[PDB]
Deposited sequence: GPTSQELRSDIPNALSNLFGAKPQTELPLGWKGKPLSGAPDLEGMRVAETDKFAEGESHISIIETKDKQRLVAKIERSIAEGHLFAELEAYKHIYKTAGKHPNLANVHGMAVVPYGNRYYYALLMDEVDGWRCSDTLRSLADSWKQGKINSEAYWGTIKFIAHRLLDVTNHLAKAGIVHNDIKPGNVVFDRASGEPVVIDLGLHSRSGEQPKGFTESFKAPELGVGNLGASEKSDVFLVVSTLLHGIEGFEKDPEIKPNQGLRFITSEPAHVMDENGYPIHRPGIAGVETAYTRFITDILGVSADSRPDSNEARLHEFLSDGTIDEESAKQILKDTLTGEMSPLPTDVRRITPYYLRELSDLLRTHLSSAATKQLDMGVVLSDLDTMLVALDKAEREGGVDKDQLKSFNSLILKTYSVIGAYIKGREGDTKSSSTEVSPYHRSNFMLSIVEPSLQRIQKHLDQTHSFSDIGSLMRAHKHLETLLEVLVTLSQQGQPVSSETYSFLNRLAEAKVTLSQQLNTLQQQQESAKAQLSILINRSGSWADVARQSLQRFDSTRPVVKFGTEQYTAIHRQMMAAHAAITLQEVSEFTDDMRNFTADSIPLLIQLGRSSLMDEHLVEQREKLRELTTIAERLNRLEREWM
């Protein structure tokens, strides 16, 4: 008999309403035919539920526990906490899918934030409910929150680290915990912290940036872009970064950024500006969650992480272990070629995007070359995806940004080819499959060189037109720069309020803009024609890093000239 046909039994006296165990069978936590069993601290957890149930009562957003049972598991029999199954998704999966549908326009902004504030009101109602029984949860996080598909309701499902009010917590999650939690006891105001940091996790998308922790709240970048740009000019939200102080940021600040004493409790937090203003009907919110949970789940994003100095060092550490293993003759030849392929993908991503210094890039690139040398001195199914990835890179539209990428890809295919035929020298001979693979590599190398020659020819052409364009600017560049700087010194900005209230302020700008436009009145046609040529060229040159650093410096020279010229071309329409 497998354990799927072994019966279950009770340990103590089950709670009122508990089901009959006679017909139940088995398919951490296991599923029972729907019920759920959680396999010392377990018995204290059941007692916590019972205390809550008799002091505060049962709760729709709290787990429904039936009692302690003995279940067949792992060639043994275990004590198991029996509870109703919350059929749906976990908090991380739900909030990711919710935000995803929002961005795709499946729901509008009032539906998204309304649902968010609905979820907040429920969680804070739970922490308020536990506070009635004098019980602190101490471990509220996306893993311990499950949404029910049928009702669209958030349900917290764990009490294993609970404690009474004023005593030390049984445990905590270091990534979400309050500053005072676990030091020096626990409190309701520590649970409120957890609720917010949990929400902050799923709103900002902290799962795409492992270098930051939800309990650190929000960073404020106000004098600089609080965002990053993509390929086509669309701003992209940075997890944990805020560009302006709003009700949302105040909510985080007034809770995650204050001491326990100054921190609001569950009822106070629900009266906050963020949770008071901008809410929707509960059933509308519940309906949105239903539709989300009955739809397609947004998967955990893989390889979405930005290449930072920290992460680049991590990738560097991975390569050095291969170097070390090679010195001790235990080098894994298979995983070192596949790891190197992720390095190139990481390096390409780091080039087109920003952040990491170029000194660290050349250093990281040298480390890759070093690993190649060690591999070479050390002397198919694994290198196959590497060729497929590169071949798809060859069938795309290329830019000047891709030249450094195509060079390294060529080096990789060249190294793969060398490795294969070198192993045939004093090892297994070249097979019919390896042979056909060698020529597929060889064909890609040819295409790689043909395409790389074209790009550099086009680059030299673009570099020629670039210098020609900079030359024309010499007659108006510095004069127009001084004028626009004098104008920008007046701090031009559109003000809030009625036209009456902003009348004097607006006509002051029109006067300033007029003066500036009179000082450059003799270059107004040159600057108009200048941007007609420079903008399409700036598009061709891009914003990514290029090998020719002189070209990069000149490209930014043009970008600054273009910025001056195009703004003056639009200055009348903007402020007059």
**Message:** Missing C-alpha coordinates: which residue stretches of the deposited sequence does that apply to?
**Reply:** 1 to 21, 49 to 58, 65 to 69, 76 to 81, 227 to 228, 424 to 446
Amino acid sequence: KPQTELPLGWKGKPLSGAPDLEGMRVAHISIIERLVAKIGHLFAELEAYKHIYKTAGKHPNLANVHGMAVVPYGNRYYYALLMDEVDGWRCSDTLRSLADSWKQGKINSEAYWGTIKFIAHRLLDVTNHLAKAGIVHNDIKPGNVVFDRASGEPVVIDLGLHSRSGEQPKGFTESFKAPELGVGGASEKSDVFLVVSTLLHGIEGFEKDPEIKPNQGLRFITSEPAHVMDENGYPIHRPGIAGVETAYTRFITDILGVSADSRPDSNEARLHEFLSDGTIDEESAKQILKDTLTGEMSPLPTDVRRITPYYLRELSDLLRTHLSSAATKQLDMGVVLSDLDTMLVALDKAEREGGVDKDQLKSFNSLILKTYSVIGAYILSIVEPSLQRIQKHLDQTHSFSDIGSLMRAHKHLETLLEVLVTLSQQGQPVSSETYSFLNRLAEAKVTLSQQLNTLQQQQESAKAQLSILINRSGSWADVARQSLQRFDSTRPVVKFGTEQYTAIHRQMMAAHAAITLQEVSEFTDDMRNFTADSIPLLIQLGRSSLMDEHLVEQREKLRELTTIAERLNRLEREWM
From here on, numbers count along this sequence of modelled residues.
**Message:** Going by the mean C-alpha B-factor recorded in the entry, which is higher: 264 to 272 or 335 to 343?
**Reply:** 335 to 343
**Asked** Which has higher Cα B-factors on average according to the PDB entry: 529 to 537 or 542 to 550?
**Response** 542 to 550
**Item:** Highest recorded Cα temperature factor - choice among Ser109, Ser101, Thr502, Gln426
**Value:** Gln426
**Asked** Which one of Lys50, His59, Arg34, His66 shows the biggest C-alpha B-factor in the PDB entry?
**Response** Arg34
**Message:** When the deposited Cα B-factors of this chain's modelled residues are ordered and cut into thirds, is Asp291 in the lowest, the middle or the highest one?
**Reply:** lowest
**Request:** Taking the values exactly as deposited, rank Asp20 by C-alpha B-factor within its chain and report the matching third: lowest, middle or highest.
**Result:** highest
**Item:** B-factor third for the C-alpha atom of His28 within its chain
**Value:** highest
**Request:** Going by the recorded CA B-factors, say which third of the chain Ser97 sits in, lowest, middle or highest.
**Result:** lowest
**Chain third (lowest, middle, highest) by recorded CA B-factor, residue given as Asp191** = lowest
